[PDB]
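Summary of structural features
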Amino acid sequence: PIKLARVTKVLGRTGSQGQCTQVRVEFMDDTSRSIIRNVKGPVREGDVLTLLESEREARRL
Amino acid sequence: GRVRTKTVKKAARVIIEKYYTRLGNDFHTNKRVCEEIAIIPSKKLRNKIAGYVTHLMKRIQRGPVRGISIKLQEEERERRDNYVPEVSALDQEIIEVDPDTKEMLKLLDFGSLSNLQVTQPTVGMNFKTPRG
Amino acid sequence: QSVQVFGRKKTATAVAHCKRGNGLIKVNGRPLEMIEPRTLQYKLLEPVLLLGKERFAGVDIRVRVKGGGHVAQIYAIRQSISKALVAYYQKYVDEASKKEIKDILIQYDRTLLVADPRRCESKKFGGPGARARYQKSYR
Amino acid sequence: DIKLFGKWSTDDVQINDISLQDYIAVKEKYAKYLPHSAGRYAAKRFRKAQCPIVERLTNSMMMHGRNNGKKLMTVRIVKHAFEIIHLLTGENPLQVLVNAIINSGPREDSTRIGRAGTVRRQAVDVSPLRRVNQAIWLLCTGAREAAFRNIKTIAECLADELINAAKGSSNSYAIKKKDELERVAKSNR
Amino acid sequence: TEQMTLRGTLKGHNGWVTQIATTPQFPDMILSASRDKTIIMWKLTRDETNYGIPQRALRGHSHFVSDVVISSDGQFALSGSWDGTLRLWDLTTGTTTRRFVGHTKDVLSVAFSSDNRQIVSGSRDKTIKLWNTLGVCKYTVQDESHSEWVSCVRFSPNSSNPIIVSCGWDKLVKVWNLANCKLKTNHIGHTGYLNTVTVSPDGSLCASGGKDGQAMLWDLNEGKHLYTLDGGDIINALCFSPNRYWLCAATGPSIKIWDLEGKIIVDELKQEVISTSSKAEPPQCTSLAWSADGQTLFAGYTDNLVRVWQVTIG
Amino acid sequence: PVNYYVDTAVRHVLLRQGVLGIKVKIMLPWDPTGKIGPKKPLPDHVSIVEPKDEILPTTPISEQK
RNA sequence: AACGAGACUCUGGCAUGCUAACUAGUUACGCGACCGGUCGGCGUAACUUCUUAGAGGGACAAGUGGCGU
RNA sequence: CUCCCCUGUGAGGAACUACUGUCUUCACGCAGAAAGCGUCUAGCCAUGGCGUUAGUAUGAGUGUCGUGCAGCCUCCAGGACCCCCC
């Protein structure tokens, strides 16, 4: 299933070369579920991310 | 990154400390105050120092500043501090006390005090933190 | 009845002369539609179409532009005519209609009443350009 | 009224996604007459989030060496490309830019992890601005590679690649590289 | 038996309103000199949405305009400015007829007489300058005129022998006599710098205020201390009512209309209802102007606006 | 500042062993020219004039002269 | 507290406020031309917006709102 | 344990020719894959690039033939609904 996500906070930048941003995800379905997630490119708080695999969790690079 | 030199902050400290009555919370006000009060070369120095005199005043009206001592804010903090509620917090019709405290008073012949109330001793003994 | 301004972009300078008239607006001896990039036509009439034609009906602007590049000069005439209709409305008209003109021109493009301070830096030795440098090799 | 290239209408177009609604421009205000505003959008972070999308497609079309400094080559080419698009599909050519941006952008992408020389990638997910940017990249590059020598006009070939990027066909070089990214994302997970 | 109400708000300005000057000849128009270098001509249309609309914005200045005063006639105006220039303006054609230089510091204050030929100004150069309508300076007083800046200069419109009252940052209020160019009085009541001196059309009552926060009412003809009013913060502006005998003090958070006979504060004017921005300093009152009408108050703010006050009489 | 504030001198002594070069740097003090003391002060230096003693006011006094 | 960093000098951006310009132009008026304008065409008074360059102003994280012992 | 709002392809009709848009068949050029097989590179090692499979297997579109697919009416279904469970 395809899902949507909301940015609650920006925590740090994960990467070897300092590539990924490690961001915190609310679900736009009004659910309270909170998952950390890796995102590439620029991110500011409040943005919406589209997840193709929505059950996956964030690991440290 | 914009950060003030030793010159900037030291100068604004002494300027404020001497002239505190002449400065005001406006920038250009104290800018022209410092074109007079002190002697500074150039511009970018002047402007910065004045900016800090100002900033430091906006922190002064909040309360005591770590760097400066003025008798005027010593006096305003003599007003602010001095306070008292209509009655003391040390006045209670009933003050509660442990049997032993009552004993210690009984040594001093005060076992006759009216306001006291003897409260039940706590039965378990654990005042200590469970080590580990 | 007479008001004068100048546009600025980089090294390009415009000079706009506003007199009471039929609404003739010409640039260094030719109308708005004879200018070199015709692709850049629409950027020139932008305040016009924004301000309405009624407010240009009573304003005759002769524009003299020299300096800079081709593209810059159209920004220059843009600047000149915009600054012209704002600075003319101050002296020969009220401040209400100047506020109308200004509230219309500002929310679209900030470059209408202001110029970009930015201009070319200095290439320095050790490189082909401002920052850019020559290659180096070890081994 | 504000009409793009004198014949178009910006305010009638539509955005179907929430992530790309906050970034993609030319809906409410930003709509202009001409692409070249010579403004500074690289001045501060995300200040280039707000510049007109047509200008955004415009800026990226100078991207190879001889065409580099010449911007007007593009506001020429973007001019004839739109006027071509309207003839084929028959819709507002600025709907076709929206759909190509939305579809061409990646979703998930891979970040290289390992030691140099050994590529082992892990799947993460694209940020909205990054989606827009990569998408447009893909559009301009697809247009170049497709138009190098077929003797196609870049007007013709970009209208091609754009309409095809909008429909979802594998014709577009864009949709191709996207589909590779998402598939590698699948490989890793 | 009176109360005061907020009527309208005037935005012509991108910055502070330094001094507001009203006129008897035209109760309809005001002259507002602002921190944005502009002297705005205010037309009161007294409509529903807007209480007033700007008319003529005058730029002669490379810097801020500290004070403005009008002629008893609807034409000429005068403006002091920190770049060190005083100027004679025509409100009709919107151009500069005469320019006044010879100050090496800012022009802090300027006073135009009731007779409309004289000019008396004072500056951060610690100078009180006498100007003529043609630009020529008569007499420069270095006399001990002050040991600090001259913040305000005001003429006295009285039948008794003419007097000019200037207030310095040296805490002195000095009184001077015209045509002898002489220093006739030294008034010392003060703690802290002085901001504004006002002189009532009576000529008898002059009010001065400053950082001390206490409004000082002095007797000009006799040369005697009269009254002391207690208040908070800083007095920025002070203006006397021509017909109502009310002394309006301008302090930053609040304006105070004083009744001098009964020593009663009439109304205290401050309004902010917002809870989120309440941590901020309430915008100061930079100037004050009383129209010759007596009902209408015009006040400048640090909110870059001109707010007006109207009198409800019962 | 080092331009107008200091004076540098370099010389060569010529001796059996070789030449010894030498450098002498001298710094001048500040304010009015006595043939020394270059007038314009260091851009760093900040000089504060002590407040001139002001009489503390008692009761308002009006003096006519 | 002292040197180094900064400050400083040199260059660019601001000034329809000032000081002015026949060795830079502008506006205005004449003559000139070709169909009221177009013209680097020719000359006189008008002034500094343009064009120069001096004086000095201007920015100090300043103002408001958030993160911060 | 339902009922009834919108989606489907299961059956009957008009229409089907005229209307428009999509799947059939032929000429057309354009992108264009892999199981694998080899090679090269990460010290050793493909989970990568590049060669060969092949310009195959394919898919997006323009013009030919369809007597198609339809759009307009019904149900048979499927999902939003409810309930219910909490």
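The rules behind these values
Residues numbered from 1 in each chain as written, not as in the entry; some residues may be left out. Chains lettered and ligands numbered in written order. Part of a larger assembly, values for the part shown. Heavy atoms only, no water. Residues with missing side-chain atoms left out of burial classes, pairs and counts. Helix = DSSP H or I, 4+ residues; strand = E, 2+ residues; numbered from the N terminus. Rg over C-alpha atoms; globule rule 2.2 N^0.38 Å. Buried < 20%, exposed > 50% of the residue type's maximum accessible area, 1.4 Å probe, protein only. Contact = heavy atoms within 4.5 Å. Areas by Shrake-Rupley, 256 points an atom, 1.4 Å probe, with all protein chains shown as cover. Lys, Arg positive; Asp, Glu negative; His and termini not counted. Charge placed at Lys NZ, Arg CZ, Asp CG, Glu CD. Buried area = accessible area lost by both parts, 1.4 Å probe. Salt bridge = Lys/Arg side-chain N within 4 Å of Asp/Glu carboxyl O. Polar contact = N/O pair within 3.5 Å; in protein donor to acceptor, adjacent residues only side chain to side chain. Nonpolar A, V, L, I, M, F, W, Y, C, P; charged D, E, K, R; others polar. Near = heavy atom within 4 Å. Pairing = 2+ DSSP bridges. Axes fitted to C-alpha atoms, helices over the stretch in contact; angles between N-to-C directions. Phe/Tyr/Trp six-rings, centres within 6.5 Å; stacked < 30°, edge-to-face > 60°. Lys NZ or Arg CZ within 6 Å of the ring centre and 35° of its normal. Parallel < 35°, antiparallel > 145°, perpendicular 65-115°, else oblique. Left-handed = near helix turned anticlockwise from the far one by under 90°.

This deposited entry lists cryo-EM as its structure determination method and 3.90 Å as its resolution.

**Remarks on the overall build of chain E**
Helix and strand counts for chain E stand at 0 helices and 28 strands. The C-alpha atoms of chain E give 18 Å as radius of gyration, which agrees with the globular expectation for 314 residues (20 Å, within 12%). Taken along the three principal axes of its C-alpha coordinates, chain E extends 50 × 45 × 40 Å. The proportion of buried residues among the 314 residues of chain E is 57%. Sequence-distant contacts in chain E: of pairs separated by 6 or more residues, those separated by 24 or more amount to 44%. Of the roughly 13,300 Å² of accessible surface on chain E, a fraction of 47% belongs to carbon and sulfur atoms. The centroid of the 30 positive side-chain charges in chain E is displaced by 6 Å from the centroid of its 30 negative side-chain charges.

**Thoughts on the interface of chain C and chain D**
With 14 residues of chain C in contact, the opposing surface of chain D contributes 14 residues. Where chain C abuts chain D, roughly 1,400 Å² becomes buried across the two surfaces, and 64% of that area is made up of carbon and sulfur atoms. At the junction of chain C and chain D, the tally comes to 0 salt bridges. On the surface where chain C and chain D come into contact, there are 4 residue pairs in polar contact. Contributions of two or more residues to the side of chain C that touches chain D are made by α1 (41–44), α2 (46–51) and α3 (70–91) of chain C. The leading source of residues in the side of chain C that touches chain D is α1(C), at 3 residues. Classifying every residue of the side of chain C that touches chain D gives 7 nonpolar, 2 polar and 5 charged.

**Some points on the environment of C:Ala96**
Summarising the element assignment, C:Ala96 is placed in helix α4 (residues 95–108). Considering only alpha carbons, one finds C:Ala96 and C:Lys123, 27 residues apart in sequence, at a separation of 48 Å. Setting aside its immediate chain neighbours within four residues, C:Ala96 contacts E:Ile53 and E:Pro54.

**What about the pattern of salt bridges?**
A complete count under the given rule lists 31 salt bridges over all chains for this structure. One salt bridge connects C:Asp60 with C:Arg62, and the closest N-O pair in it is separated by 2.9 Å. One salt bridge connects E:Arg124 with E:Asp106, and the closest N-O pair in it is separated by 2.4 Å. Residue E:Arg124 is found in the loop between β11 (119–123) and β12 (128–131), and its partner E:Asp106 is found in the loop between β9 (95–100) and β10 (107–111); the two are separated by 18 residues along the sequence.

**Overview of the protein's contact with RNA strand H**
Residues and elements named next belong to chain D. As a matter of local geometry, RNA strand H sits amid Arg115, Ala116, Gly117, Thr118, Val119, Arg120, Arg121, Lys167, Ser169, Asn171 and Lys176. A share of 54% of the atoms of RNA strand H within 4 Å of the protein falls on sugar and phosphate groups. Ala116 is positioned such that a nitrogen or oxygen atom in its backbone is 3.2 Å from a sugar or linking oxygen of RNA strand H. Interatomic distance of 2.9 Å between a side-chain N/O atom of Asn171 and a base nitrogen of RNA strand H. Its residues placed into classes, the surface near RNA strand H shows 2 nonpolar, 4 polar and 5 charged.

**So, the pairing of strand β14 (residues 150–155) of chain E**
Each regular strand displays side chains that alternate between the two surfaces of the sheet. Residues and elements named next belong to chain E. Across the 6 residues that make up β14, a large majority, 6, are buried. Relative to strand β15 (residues 163–168), β14 runs antiparallel, the two being bridged by 5 bridges. The partner of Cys152 across the bridge, within β15, is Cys167.

**Comments concerning the protein's contact with RNA strand G**
As a structural note, the neighbourhood of RNA strand G is formed by 46 residues, with B:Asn47, B:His55, C:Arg8, C:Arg64 and E:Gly60 the closest of them. Restricting attention to atoms of RNA strand G within 4 Å of the protein, one finds that 78% of them are sugar or phosphate atoms. Here B:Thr7 contributes a side-chain N or O atom positioned 3.4 Å from a base nitrogen of RNA strand G. Between RNA strand G and the protein, one listed contact pairs a phosphate oxygen with a side-chain N or O atom of B:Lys43 at 3.1 Å. Mapped onto the surface near RNA strand G, the elements with two or more residues apiece are α1 (6–19), α2 (27–37) and α3 (44–60) of chain B together with β1 (3–9), β2 (12–19) and β4 (60–66) of chain C. Looking at the surface near RNA strand G residue by residue, the classes come out as 8 nonpolar, 17 polar and 21 charged.

**Regarding the sheet that holds strand β18 (residues 194–199) of chain E**
The strands making up a sheet associate through backbone hydrogen bonding, with each pair oriented either parallel or antiparallel. Residues and elements named next belong to chain E. The strand order across the open sheet formed by 4 strands is β18-β19-β20-β21, and the pairing between neighbours is antiparallel. Pairing within the sheet leaves two strands with one partner each, and these edge strands are β18 and β21 (224–229). Across the sheet, the mean angle separating the axes of adjacent strands is 20° when strand polarity is ignored. Sheet topology places β18 next to strand β19 (residues 205–210); 5 bridges connect them, and they run antiparallel.

**Some details on the arrangement of the chains**
With 6 pairs of chains in contact overall, the greatest share of contacts is found between chains A and D. One finds no contact between chain A and chain C; the C-alpha atoms of the two approach each other to within 24 Å at their closest. Note that chain A does not reach chain F: the shortest distance linking a C-alpha of one to a C-alpha of the other is 41 Å.

**Re the interface of chain A and chain D**
Often, the extent of an interface is quoted as the loss of accessible area on bringing the components together. With 24 residues of chain A at the contact, the number on the chain D side is 26 residues. When chain A packs against chain D, close to 2,400 Å² is buried across both sides, 49% of that on carbon and sulfur atoms. Broken down residue by residue, the surface that chain A buries against chain D is led by A:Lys40, A:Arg44 and A:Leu52, which jointly contribute 29%. The residue A:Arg37 makes a salt bridge to D:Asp125 at a minimum N-O spacing of 3.8 Å. Viewed at the interface, chain D and chain A are joined by 9 residue pairs in polar contact. Listed by contribution, the elements that provide at least two residues to the side of chain A that touches chain D are β3 (34–40) and β4 (48–51) of chain A. Grouping the constituent residues of the side of chain A that touches chain D by class yields 12 nonpolar, 4 polar and 8 charged. Here β3(A) pairs with strand β2 (residues 120–126) of chain D via 2 bridges, running parallel.

**Re the packing of aromatic side chains**
Residue and element names in this part refer to chain E. All chains considered together, the criterion is met by 8 aromatic pairs over all chains. Between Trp169 and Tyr193 the ring centres are 4.6 Å apart and the planes differ by 25°, which places this aromatic pair in the stacked class. With a gap of 24 residues between them, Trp169 in the loop between β15 and β16 (172–177) and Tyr193 in the loop between β17 (182–188) and β18 connect regions that are remote in the sequence. The pair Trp169 / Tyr193 is uniform in exposure class, with both members buried. One cation-aromatic arrangement involves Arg35 over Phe64; the distance from NZ or CZ to the ring centre is 5.5 Å.

**Digging into the packing of α3(C) against α4(C)**
Relative placement of two packed helices is described by the angle separating their axes and the distance separating the axes. All names here are of chain C. For the pair α3 and α4, interaxial distance at closest approach is 7 Å and the crossing angle is 155°. Comparing their axes, α4 and α3 come out roughly antiparallel. In this structure, α3 crosses over α4, and the sense of that crossing is left-handed. Contacts between α3 and α4 pair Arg78, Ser82, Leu85, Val86, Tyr89 and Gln90 from the former with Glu95, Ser97, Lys98, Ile101, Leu105 and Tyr108 from the latter. Within the contact of α3 with α4, the residues separate by chemical class into 6 nonpolar, 3 polar and 3 charged.

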